[PDB]
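Structure at a glance
The lines below spell out each chain.
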Protein chains: 2
Amino acid sequence: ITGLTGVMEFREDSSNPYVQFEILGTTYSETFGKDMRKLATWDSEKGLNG
Amino acid sequence: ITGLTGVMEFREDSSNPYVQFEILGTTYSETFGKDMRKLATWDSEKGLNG
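- Determination of this PDB entry was carried out by cryo-EM to a resolution of 8.1 Å, according to the record.

Right, dumping it as structure tokens:
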């Protein structure tokens, strides 16, 4: 199925291997400040993306 | 009357002079970048406000 969160399924060992995040890394320095930035994203299909 | 724009009344020369501006001039610095600044608001009834 596909619904309000993403992918939920079941496997033949009673497991759901799906998860997929996103990495919002705000850069801050001593003099520069809070640089609002998404550095990467992470999926269960490719590992790290970014 | 009172409404959206506020004060409505007319003079002998038939004038409704009411307004509430805001003049917002940010003193710039090249080391900070983006900013959300709100300075003082201007009224018709005090003339200059700050």
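Text resumes after the structure shown.
1. Structural notes on the pairing of strand β2 (residues 40-43) of chain A
All names here are of chain A.
- One ladder, built from four bridges, connects strand β1 (residues 20-23) with β2; its direction is antiparallel. Its bridge partner being in β2, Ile23 is matched across the sheet by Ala40.
- Pairing between β2 and strand β3 (residues 47-49): three bridges, direction antiparallel. Within β3, the position partnered with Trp42 by the bridge is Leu48.
- Where β2 hands over to β3, the hairpin turn is made up of three residues, counted between the paired strands.

2. Re the pattern of salt bridges
All names here are of chain B.
- Taken as a whole and judged by the stated rule, the model has four salt bridges over all chains.
- We note a salt bridge from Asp35 to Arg37, for which the minimum N-O separation is 3.9 Å.
- Taking the relative accessible area as the measure of exposure, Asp35 reaches 36% and is therefore partly exposed.
- For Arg37, a relative accessible area of 43% gives the class partly exposed.

3. Some details on the packing of aromatic side chains
Residue and element names in this part refer to chain B.
- Enumeration over the complete set of coordinates arrives at one aromatic pair over all chains.
- Pairing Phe21 with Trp42 gives two aromatic rings, centres 5.8 Å apart and planes at 45°, and the pair type is tilted.
- Using a relative accessible area of 25% as the deciding quantity, one classes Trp42 as partly exposed.

4. Notes on a nonpolar patch on the surface
All names here are of chain A.
- Side chains of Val19, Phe21, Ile23, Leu39, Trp42 and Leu48 sit close together on the surface and give an oily, nonpolar patch of about 570 Å² of accessible area.
- Structurally, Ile23 is set in strand β1.
- Note on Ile23: relative accessible area 35%, which makes it partly exposed.

Cut-off values and rules
Residues numbered from 1 in each chain as written, not as in the entry; some residues may be left out. Chains lettered and ligands numbered in written order. Part of a larger assembly, values for the part shown. Heavy atoms only, no water. Pairing = 2+ DSSP bridges. Helix = DSSP H or I, 4+ residues; strand = E, 2+ residues; numbered from the N terminus. Salt bridge = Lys/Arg side-chain N within 4 Å of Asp/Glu carboxyl O. Buried < 20%, exposed > 50% of the residue type's maximum accessible area, 1.4 Å probe, protein only. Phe/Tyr/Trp six-rings, centres within 6.5 Å; stacked < 30°, edge-to-face > 60°. Patch = residues over 30% accessible without salt bridge, like charges linked within 9 Å, V, L, I, M, F, W, Y side chains within 5 Å. Areas by Shrake-Rupley, 256 points an atom, 1.4 Å probe, with all protein chains shown as cover.

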